[PDB]
S.K.: 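My structure is below; once you've seen it, I'll send some questions.
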Amino acid sequence: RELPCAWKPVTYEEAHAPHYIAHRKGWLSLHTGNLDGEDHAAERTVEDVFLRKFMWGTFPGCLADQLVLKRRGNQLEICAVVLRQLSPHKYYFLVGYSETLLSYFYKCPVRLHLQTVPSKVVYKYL
Amino acid sequence: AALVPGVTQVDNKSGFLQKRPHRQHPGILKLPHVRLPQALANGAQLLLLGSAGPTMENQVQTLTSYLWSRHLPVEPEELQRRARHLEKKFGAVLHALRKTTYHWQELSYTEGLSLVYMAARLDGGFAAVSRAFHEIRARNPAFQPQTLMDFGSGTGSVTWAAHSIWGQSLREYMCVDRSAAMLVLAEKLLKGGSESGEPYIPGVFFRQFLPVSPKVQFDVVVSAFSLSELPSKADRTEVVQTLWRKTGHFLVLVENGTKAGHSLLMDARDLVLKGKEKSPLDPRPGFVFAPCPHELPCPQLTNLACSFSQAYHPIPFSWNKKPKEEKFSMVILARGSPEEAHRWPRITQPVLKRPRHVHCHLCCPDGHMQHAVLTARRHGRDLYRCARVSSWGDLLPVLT
Amino acid sequence: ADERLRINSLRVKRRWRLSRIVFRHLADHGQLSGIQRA
RNA sequence: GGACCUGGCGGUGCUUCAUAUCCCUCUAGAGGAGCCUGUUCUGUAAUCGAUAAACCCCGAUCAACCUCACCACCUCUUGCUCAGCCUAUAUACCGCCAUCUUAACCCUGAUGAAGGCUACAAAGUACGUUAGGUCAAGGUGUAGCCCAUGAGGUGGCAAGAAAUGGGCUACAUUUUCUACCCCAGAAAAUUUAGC
Ligand SMILES: C[S@@+](CC[C@H](N)C(=O)[O-])C[C@H]1O[C@@H](n2cnc3c(N)ncnc32)[C@H](O)[C@@H]1O
Ligand code: SF4
Ligand SMILES: [Mg+2]
Ligand SMILES: [Mg+2]
């Protein structure tokens with residue numbers, strides 16, 4: 001009335017802060033391009049950006065945690081961790097589709113390594 | 001819409017265009033960069049010699065930003081409606097009511113806080129009042145006031161400003177302020193910043209309450225940045241009614257150029273225009289001498305504000321190096337009836353000069369705003385040139 | 001390229017190709033390879 | 001009305017100390033000289049203007065007959081391309097800066113309000129806001145003009161005063177020149193920062 005009367009779960013990657021990237025956390029993407037003397041770092045980063053967007057859009061609400069984008073030679077391993085909510089047939093169809101799409105996208109032998117988990121693996125709570 | 005392309009023409013009375021260039025057209029009310037009188041400037045620094053160190057750097061900045069961003073006190077009626085909405089959505093409402101609502105406090109100006117105000121607003125306040133007074137002097141040079149009153153005379157800036165313009169006719173300067181510290185501070189300023197001396201301006205009468213006699217009417221009554229200090233709309237209404245009843249020729253009200261300041265002055269404007277006294281001692285009506293070209297409701301009161309800017313040279317201090325600008329809202333109410341029917345639009349926004357065209361935001365006599373893009377071929381060589389030289393706060397001489 | 005060069009002869013994190021804000025966002029997540037903040 | 005309990009005191013003063021920010025302490029400048037300059041005033045019909053866009057020809061540097069802006073005269077148009085515009089709007093939104101507001105248990109008091117500690121131990125343990133700035137290293141829209149806010153021709157536009165702020169140069173005897181890279185010979189008060 002009168003004026004005077006008036007007067008969250010987190011996974012391992014989410015839980016740990018960025019200053020543990022080389023102490024506790026790791027690197028999701030692993031490529032030689034960024035090393036000293038190696039070239040094409042920006043190209044690899046652009047590929048990583050698109051690849052993460054396309055995985056998260058091709059597996060909506062399925063990925064339990066972030067991908068791991070490994071590259072050896074011309075190979076491109078997406079080691080992803082997903083849930084057990086979708087039917088296995090849909091997972092197989094999406095794996096085939098995304099593998100072929102990315103292999104013709106980058107002209108390189110892309111591959112997927114889906115790892116299903118029952119639910120989000122919470123590390124702690126913030 | 002006071003600028004119809006090809007129909008509206010420049011208003012040539014006194015043979016303007018023939019006998020004078022365009023840069024001196026009668027609607028030019030721009031005032032050069034305001035410099036305070038040396039006596040006022042010298043006194044302010046002398047009175048501050050006790051403490052002008054790094055501590056005053058923060059206090060002046062803190063006070064200035066606080067006053068600028070201060071909102072009007074929240075009326076209870078607005079509070080209940082806000083309480084109900086939070087109640088429907090939901091002690092908890094009170095906690096949410098602490099936020100989303102402005103905490104308006106009285107500023108109890110003691111000796112310490114009166115020094116901070118003087119170093120923060122004496123220069124700014126003087127320029128704003130000087131611009132408002134120049135409106136009267138420029139358009140009506142025959143006006144020679146003999147008496148003046150200032151409601152809320154904090155540092156005497158109004159008294160100094162009036163002396164600068166009407167010093168050869170004013171004989172009495174009635175000053176009112178409830179804070180005893182300001183009256184002492186102002187009195188020292190008029191005596192060269194010394195407690196013992198001779199007043200620079202003669203006839204000043206310092207008070208703490210308004211005059212009582214019904215039959216005394218001061219020619220010019222002024223209230224600059226004072227109505228925002230009152231706690232409730234009831235006090236604001238009573239003060240303005242008292243001021244208008246004692247206004248002989250002109251009532252000048254000035255506030256900050258914010259939404260809160262503009263809204264306050266509009267309420268005072270409609271209050272005086274819509275006379276309610278059944279049989280006042282003074283039966284003369286009232287009209288808006290400036291800055292409005294009409295008595296109709298404001299067209300920018302909905303969402304925007306209407307403010308004017310006056311650049312001035314600040315008092316030399318440890319933190320006043322470059323020139324500053326004073327953005328303020330004003331309204332002048334004059335007794336009687338408008339002098340003629342040829343009233344001119346008012347430019348209420350900075351004029352943007354661009355190649356071969358000029359952008360002008362105008363308040364028209366019809367009560368509407370017109371964002372007119374003036375060009376030589378559409379509107380004419382004379383009218384385009386007049387707007388090319390015009391500036392914020394001027395009048396555009398257009399007819400029909 | 002060749003044509004313009006011939007006449008002439010007679011006479012922000014662009015390193016990674018990222019927006020400067022985005023590079024911080026990526027590097028904090030550990031996404032960039034070997035970009036450890038120190 | 002008697003006795004007692006909890007208080008709050010948006011408390012007020014002193015006493016003792018922690019007493020760091022900030023002064024004092026240390027170093028180097030700035031007051032001189034010559035230039036260019038920001039601001040302010042006044043002036044003209046006009047603009048004092050701007051060179052990822054002139055001139056240069058040791059270094060620099062002024063107008064250049066440049067050029068876009070401006071003043072005064074004019075001209076082109078269905079034209080560039082269903083044309084063209086360095087127009088407006090963050091007083092449209094985001095982006096970014098800044099303003100201001102804001103648990104249980106166990107004992108004691110005769111089972112009263114209520115209270116519960118001693119270590120050589122005596123009941124205690126478990127977000128909003130703003131006619132805000134910024135569209136120069138960032139974006140999404142919204143409106144303007146379109147025989148003119150588009151395109152061109154002709155000429156003209158040269159500015160002065162102080163008061164203040166900054167920038168560029170040389171400023172030496174613990175110096176300068178040669179040989180060397182260190183044992184040689186010849187010459188001649190205010191106030192801003194930092195640790
Ligand atoms: C800060 S001053 C106004 C600024 C001043 N006019 C200037 O030069 O800028 C406002 C004054 O109004 C005064 N005041 C507040 N309420 C008042 C009232 N009801 N009657 C008279 N004066 C009042 C206060 O004492 C305060 O000093
Ligand atoms: S917008 Fe027009 S009518 Fe409203 S306050 Fe300003 S001048 Fe007056
Ligand atoms: Mg704005
Ligand atoms: Mg010139």
Side-chain angles (χ1 to χ4, degrees), chain A residues 3-4 6-7, chain B residues 5-6 17-18 20-24 30-35 38 41 51-55 57-58 61-74 82 86 94-105 255-263 265-266 298-309 311-325 327-329 348-361 363 369-379 381-382 384-389 392, chain C residues 12-14 18-22:
Chain A
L3 293 172
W7 307 128
Chain B
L17 287 168
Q18 296 83 20
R20 209 176 293 95
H22 304 254
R23 54 191 192 252
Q24 296 172 358
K30 181 67 181 293
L31 200 74
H33 281 267
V34 178
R35 188 179 295 278
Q38 305 177 274
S51 181
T55 188
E57 296 277 330
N58 316 86
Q61 183 62 255
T62 297
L63 186 66
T64 303
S65 55
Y66 181 86
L67 293 168
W68 182 255
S69 62
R70 183 175 64 188
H71 283 115
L72 292 194
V74 190
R82 182 176 292 171
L86 279 151
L94 191 149
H95 171 74
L97 186 150
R98 293 180 185 275
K99 290 188 281 189
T100 67
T101 73
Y102 182 72
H103 177 72
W104 193 94
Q105 282 181 354
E255 289 299 311
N256 274 329
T258 59
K259 294 184 185 295
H262 172 244
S263 289
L265 289 183
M266 287 310 104
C298 190
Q300 274 184 353
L301 185 54
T302 304
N303 189 358
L304 297 171
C306 165
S307 51
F308 297 102
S309 180
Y312 65 96
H313 290 292
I315 296 299
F317 274 130
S318 312
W319 56 100
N320 298 8
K321 291 184 179 183
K322 65 184 288 186
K324 305 162 151 299
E325 311 81 13
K327 189 189 286 182
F328 68 100
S329 291
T348 69
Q349 187 170 357
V351 169
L352 305 174
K353 298 184 287 294
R354 302 292 178 261
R356 292 188 296 272
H357 58 102
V358 176
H359 283 72
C360 292
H361 288 258
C363 189
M369 296 289 279
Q370 185 194 33
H371 178 204
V373 176
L374 278 161
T375 78
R377 294 179 66 188
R378 290 174 67 89
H379 301 97
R381 181 73 258 173
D382 290 295
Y384 173 74
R385 177 67 185 275
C386 275
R388 185 79 183 175
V389 300
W392 188 1
Chain C
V12 67
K13 294 293 104 175
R14 76 284 193 192
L18 277 299
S19 173
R20 62 96 174 172
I21 298 98
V22 175

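The analysis underlying the following values was restricted to heavy atoms, covering all of them including side chains, and did not include hydrogens, waters or symmetry mates. Convention: sequence-line order gives letters A, B, ...; per-chain numbering from 1.
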S.K.: Could you check which nucleotide pairs with D/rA136 in any of the strands shown, counting Watson-Crick or G-U wobble with both distances under 3.5 Å?
M.R.: none
S.K.: Report yes or no: is D/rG128 base-paired to D/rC100 (Watson-Crick or G-U wobble, both distances under 3.5 Å)?
M.R.: yes
S.K.: Hey, does B/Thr258 reach any base, or is it just sugar-phosphate, or nothing, if we go heavy atoms under 4.0 Å?
M.R.: sugar-phosphate
S.K.: What distance, rounded to whole Å, do you find between the two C1' atoms, one in D/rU81 and one in D/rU77?
M.R.: 16 Å
S.K.: In whole Å, what separates the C1' atom of D/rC180 from that of D/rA186?
M.R.: 16 Å
S.K.: Need the pair for D/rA72. Rule: Watson-Crick or G-U wobble, both distances under 3.5 Å, any strand; none if unpaired.
M.R.: D/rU154
S.K.: When rounded to the nearest Å, what value does the distance between P atoms of D/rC36 and D/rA63 take?
M.R.: 11 Å
S.K.: Just by the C1'-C2'-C3'-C4' torsion, is D/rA53 north or south?
M.R.: south
S.K.: Are the aromatic rings of B/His359 and B/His361 close, with centres under 6.0 Å apart?
M.R.: no
S.K.: What pucker do you get for D/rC135 when you go by the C1'-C2'-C3'-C4' torsion?
M.R.: north
S.K.: Using both distances under 3.5 Å as the test, list the Watson-Crick or G-U wobble partner of D/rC85, or none.
M.R.: D/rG144
S.K.: Name the nucleic acid region contacted by C/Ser19, choosing base, sugar-phosphate or nothing; use a 4.0 angstrom heavy-atom cut-off, strictly under.
M.R.: nothing
S.K.: For the base of D/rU99, is there a side-chain donor-acceptor partner from B/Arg70 under 3.5 Å away?
M.R.: no
S.K.: Pairing status of D/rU89 with D/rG141 is requested, where a pair means Watson-Crick or G-U wobble geometry with both distances under 3.5 Å.
M.R.: yes
S.K.: Here, do D/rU77 and D/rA50 pair up as Watson-Crick or G-U wobble, each distance under 3.5 Å?
M.R.: no
S.K.: Please classify the nucleic acid contact of B/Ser307 as base, sugar-phosphate, or nothing, using heavy-atom distances under 4.0 Å.
M.R.: base
S.K.: Roughly how far apart, to the nearest Å, are D/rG144 and D/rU89 at atom P?
M.R.: 15 Å
S.K.: Using a heavy-atom cut-off of 4.0 Å across all strands, would you classify B/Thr375 as base, sugar-phosphate, or nothing?
M.R.: base
S.K.: How about D/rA64 and D/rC65: do their bases stack, with centres under 5.5 Å and planes under 30 degrees?
M.R.: no
S.K.: Starting at the 5' end of nucleotides 86-92 of chain D, put B wherever the base has a protein heavy atom under 4.0 Å, S where only the sugar-phosphate does, and a dash everywhere else.
M.R.: -SSS-B-
S.K.: Aromatic contact between B/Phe317 and B/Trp319, with the criterion being ring centroids under 6.0 Å apart: yes or no?
M.R.: yes
S.K.: Under 3.5 Å for both contacts, Watson-Crick or G-U wobble geometry: does that describe D/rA131 with D/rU174?
M.R.: no
S.K.: Determine the contact category for B/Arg35: base if any of its heavy atoms lies under 4.0 Å from a base atom, sugar-phosphate if only primed atoms, P, OP1 or OP2 are that close, otherwise nothing.
M.R.: nothing
S.K.: Rounded to whole Å, please give me the gap between CG in B/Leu97 and P in D/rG128.
M.R.: 16 Å
S.K.: What is the pairing partner of D/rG185, taking Watson-Crick or G-U wobble pairs with both distances under 3.5 Å in any strand?
M.R.: D/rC177
